[PDB]
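Just follow the structure's listing: the first ligand is 1, and inside any ligand the first atom is 1. In what follows, chains are A, B, ... by sequence order, proteins preceding strands, each numbered from 1.
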Amino acid sequence: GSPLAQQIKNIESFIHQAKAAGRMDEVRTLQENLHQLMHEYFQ
Amino acid sequence: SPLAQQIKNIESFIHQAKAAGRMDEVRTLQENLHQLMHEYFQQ
Ligand SMILES: [Zn+2]
Ligand SMILES: [Zn+2]
């Protein structure tokens, strides 16, 4: 429920939706941001 | 073992595999990490 957890959950939703039909195979900006957040939250 | 510890640990291993240019290991570990992330947040 913390803000970092919320931001990770938000990004994950954006990644999955961006990989749905008719959209993308790559989500580089999102993955870069998720990677950064993972290091912030998983201490 | 906590899921949070599993996620922290596997991210270290991903970094190490990347640093060693072990691209198949990176791919495999990243897929496992993605599954773990879902387990953690969906629990
Ligand atoms: Zn996901
Ligand atoms: Zn990392």
- Assess whether side-chain contact (heavy atoms from CB on, under 4.5 Å) is satisfied between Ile10(B) and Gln30(B), documenting all intermediate values. CA-CA 8 Å; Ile10(B) 207 173; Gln30(B) 283 185 158; over 6 Å; no

- Closest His39(A) atom to the Zn ion (ligand 2) [N, O or S only]: NE2

- Message: Please verify the inter-ring angle class for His15(B) with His35(A); under 30° counts as parallel, over 60° as perpendicular, anything in between as tilted.
- Response: tilted

- Query: Would you say the side-chain atoms of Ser12(B) and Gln16(B) include a donor-acceptor pair closer than 3.5 Å?
  - Reply: yes

- Task: Take the Zn ion (ligand 1) as the vertex and measure to NE2 of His16(A) and NE2 of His34(B); round to 10°.
- Result: 120°

- Task: Kindly give the atom name of the N, O or S atom of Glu12(A) closest to the Zn ion (ligand 1).
- Result: OE1

- Distance-minimising heavy-atom pair for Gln6(B) and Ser1(B): OE1-O, 3.0 Å

